[PDB]
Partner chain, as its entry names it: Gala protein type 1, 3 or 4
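The chain below stands alone and is given as structure tokens, in the form deposited without its partner chain.
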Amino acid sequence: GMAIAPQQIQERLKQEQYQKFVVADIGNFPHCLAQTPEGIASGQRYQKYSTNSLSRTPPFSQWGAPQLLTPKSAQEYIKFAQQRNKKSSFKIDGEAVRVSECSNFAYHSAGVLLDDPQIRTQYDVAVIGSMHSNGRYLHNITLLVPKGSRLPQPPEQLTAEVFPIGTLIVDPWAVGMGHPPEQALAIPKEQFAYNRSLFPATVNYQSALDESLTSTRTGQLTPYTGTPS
């Protein structure tokens, strides 16, 4: 039968409620913040988080101010999603606090996607540094590439002419920043909120090159919410 469709992948990512995260660097990127109810809410949520004493306790302290992190195995991405979805006593507006930012948020979605068995047989997963600025890549993004694809490896850059047909972009930070799923969660580049800063990019992880992938269990994650009927 048919493989898993973009719509079902997007629905799986919607279950994570990425718009509800505390986006710890929201104040650094006003130009990336959508004027939507979600964007307004995210701005206010960060205000409440930032000066709450619990934001300066682990792991919140570390989630809000990350050291360079470059996961190189599928299981690390799955664990990243699992750890960020743990609910602790720290709540804002009655909602358990989860925290991420422009660099590492994409790792959560890489874990969600790597944990799905029907994604495994239809797409390879990659994680790229994007939003290039003065030799730095400010923003990591997750990609779904059709099976068979090999993206350039550093120091070669990823550009449009080596971006495979059928690639889907996954950017949970964009959703934290108020953009809708249709601009961020498993969509083509023409639909992507930050499509003028997508290229050039650097490819930091390719599941197609990860020898540990096959022994990485699927179904490890519980979706953060269940889709409403």
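Positions refer to the first chain, counted from 1.
The discussion below concerns the form deposited with its partner chain bound, not included here.
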Practice problem: Kindly indicate whether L144, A208 and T214 are, all three, within 4.5 angstroms of its partner chain in the deposited complex, using heavy atoms. | Solution: no
Quiz prompt | Which of 145-153, 105-113, 85-93, 125-133 sits within 4.5 Å of its partner chain in the deposited complex, heavy atom basis | solution = 125-133
Practice problem: Please pick, from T167, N28, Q44, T70, the one residue with any non-hydrogen atom lying within 4.5 angstroms of its partner chain in the deposited complex. | Solution: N28
Quiz item: Does at least one non-hydrogen atom of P66 fall within 4.5 angstroms of its partner chain in the deposited complex?
Solution: yes
Quiz prompt | Close approach of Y49 to its partner chain in the deposited complex, 4.5 Å, heavy atom | solution = yes
Quiz item: Any chance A24 has a heavy atom within 4.5 Å of its partner chain in the deposited complex?
Solution: yes
Quiz item: So in the deposited complex, does any heavy atom of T202 sit within 4.5 Å of its partner chain?
Solution: no
